[PDB]
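Novice: coords please:
(chains A and B)
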Amino acid sequence: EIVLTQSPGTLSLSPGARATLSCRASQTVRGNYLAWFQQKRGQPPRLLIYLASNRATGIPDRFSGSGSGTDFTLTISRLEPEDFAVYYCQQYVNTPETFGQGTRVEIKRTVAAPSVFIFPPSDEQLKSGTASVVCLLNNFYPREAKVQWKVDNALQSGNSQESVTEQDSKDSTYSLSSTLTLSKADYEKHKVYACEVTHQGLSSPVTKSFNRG
Amino acid sequence: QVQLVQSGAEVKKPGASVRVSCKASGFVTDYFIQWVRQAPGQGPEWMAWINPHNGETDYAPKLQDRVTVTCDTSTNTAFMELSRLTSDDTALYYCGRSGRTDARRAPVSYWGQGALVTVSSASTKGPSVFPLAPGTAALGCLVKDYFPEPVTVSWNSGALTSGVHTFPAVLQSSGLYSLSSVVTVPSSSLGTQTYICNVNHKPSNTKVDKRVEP
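Specialist: Numbers count the residues shown, from 1 in each chain, chains lettered A, B, ... in the order given. The relevant structure is shown in the block below.
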């Protein structure tokens, strides 16, 4: 197996900026059969570059592949807002025709603190014997954020899941939803339900709370 | 024009087999057909190529033993069979067209839309939709305990789009998915404007309209 290592994992740049993406092979890619793909949203990969330096049909000239051997580069000379996406390299000469792990290119913007909201479980859900408590972190940058659930100031662990939206196309922010799931039996044992949020835009972690009742 | 139309999404138990099709239209013995899969949140992974003009194949050694690719000239359709499935095989299964079978080697230039294969011991099951009750105010719907992906959420039948965040689903330890959809509105709007989230789970033919009250 030829292993392709892409770096960096994440590149945060301004539209208008130059982007350099690297792909290192664990051995010589014979014939320079190295391709670059772009992937956005929930779409299939789009071919940008073949044979390391050749632009695929209808690919704009701001995209540039170079290198040979074990050392390859995708340059985007001027980032348009449609170029913020994931980029995979792939060698297509040696079986198996391996992909790199991808470089994410995301819009660099100023720091924005999350707005935090907490949602108690509905009576509809409590009727069925489970309590889902939801914490919303809305419209923050950068993506790195931490949620800590607490129940009467006891730290929770192993009973929550979270997911993060894609970078918003209007304000370049992220949002995060965390759910704490308990049995109605365990929920009814405690009063104070709180999510504690750590983010670069907060001077200290902020906590949002309700009392069951 | 050039199209690769794939078969529909599938749910499989562990240990079962799946066969994905890739029906060519607009051109299938003229071009190499390739198979690439992509697990949710992961990168693409190359599986196989076939030369449909002589039936020659190449398979990823990891996932050889379990994978077979074939092509039926008469119906202009290529097939990927993957056997002894586990939840490690849950992915979007793409077919793709690369260069002509008589040309220099080329990468995949045209992609199918992909067939979502979900490998799970859960059964197909529509969601429970619970309100997330509310000067800007946040409100939402929690779309809990459905299988498999995907579900779609709109607000006020697509009248309300501004401020909406519909989050990626999480796979709960139950093997069932859960998703939230939220919207920020003016506080003054509450008790004047009705907010209804419209949930569609195509896989279970389930539509729920849930009104969210203060």
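
Novice: correct me, but residue B:190 touches residue B:136?
Specialist: No: contact criterion Cβ atoms under 8 Å: residue B:190 and residue B:136 do not qualify, at 10.8 Å. C-beta coordinates here come from the backbone N, C-alpha and C atoms, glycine included.

Novice: Of these two, which one has the most company?
Specialist: Comparing residue B:190 with residue B:136 by neighbour count (other Cβ atoms under 10 Å in any protein chain shown), the higher total belongs to residue B:190, at 17 against 13.

Novice: Let me see the contact set for the residue in chain B that chain A sits nearest to.
Specialist: Here chain B gets closest to chain A at one residue, residue B:111, 3.4 Å apart by Cβ to the nearest Cβ. Each residue near residue B:111 by Cβ atoms under 8 Å, 6 or more residues apart in numbering or on different chains is listed here: A:44-45, B:4, B:36, B:94-96.

Novice: One more: residue A:132?
Specialist: A:121, A:125, A:179-181, B:130, B:142, B:144, B:178.

Novice: Which of those residues fall in helices?
Specialist: In this view, these that belong to helices under DSSP state H are residue A:125.

Novice: Okay, domains of chain A per the record?
Specialist: A:4-107, A:115-211 (automatic domain parsing).

Novice: just chain B next, same as before
Specialist: Split by automatic domain parsing, chain B gives B:3-119, B:128-212.

Novice: Need these in CSV (columns: distance to residue A:16).
Specialist: Shown next, in CSV, are the domains of chain B (distance: least, Cβ to Cβ, whole Å):
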stretch, distance to residue A:16
domain B:3-119, 28
domain B:128-212, 27
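
Novice: Relative to residue A:173, which of those is closest?
Specialist: domain B:128-212 (9.9 Å; Cβ to Cβ).

Novice: do the closest one and chain A meet?
Specialist: Yes: using Cβ under 8 Å from any Cβ of the partner chain, domain B:128-212 reaches chain A at B:128, B:130-133, B:136, B:138, B:140, B:142, B:144, B:165-170, B:172, B:178-180, B:182, B:184.

Novice: Quick check: the residue of chain A nearest chain B.
Specialist: Closest point on chain A to chain B, by Cβ to the nearest Cβ, is residue A:44, at 3.4 Å.

Novice: What are the neighbouring residues in contact with that residue?
Specialist: With Cβ under 8 Å, 6+ apart, residue A:44 has these contacts: B:94, B:96, B:111-114.

Novice: Can you flag which of those belong to strands?
Specialist: Among these, the subset assigned to strands under DSSP state E consists of B:94, B:96, B:111.

Novice: Leaving out chain neighbours, which residue sits closest to the last one?
Specialist: Translated: residue B:111. residue A:44 (3.4 Å; Cβ to Cβ, 6 or more residues apart in numbering or on different chains).

Novice: got it, and the second one?
Specialist: Once its chain neighbours are removed from consideration, residue B:96 has its nearest residue in residue B:108; the separation is 3.5 Å (Cβ to Cβ, 6+ apart).

Novice: Just confirm the one you found contacts residue B:31, I think it does.
Specialist: No: counting by Cβ under 8 Å, residue B:108 does not reach residue B:31; the two are 10.3 Å apart.

Novice: okay, and the common contacts of these two?
Specialist: Counting by Cβ under 8 Å, 6+ apart, the residues touching both residue B:108 and residue B:31 are B:97-98.

Novice: Neighbours of residue A:146, how many?
Specialist: Residue A:146 has 12 nearby residues by other Cβ under 10 Å.

Novice: for residue B:159, same thing?
Specialist: Using other Cβ under 10 Å: residue B:159 sits among 8 other residues.

Novice: Equivalent analysis for residue B:165, please.
Specialist: Neighbours of residue B:165 (other Cβ under 10 Å): 22.

Novice: who's in contact with the closest residue to it other than its chain neighbours?
Specialist: Nearest non-adjacent residue to residue B:165, counting by Cβ to Cβ, 6+ apart: residue A:175, 4.6 Å away. By Cβ under 8 Å, 6+ apart, residue A:175 lies in contact with A:114, A:136-140, A:164-165, A:168, B:165, B:167, B:182.
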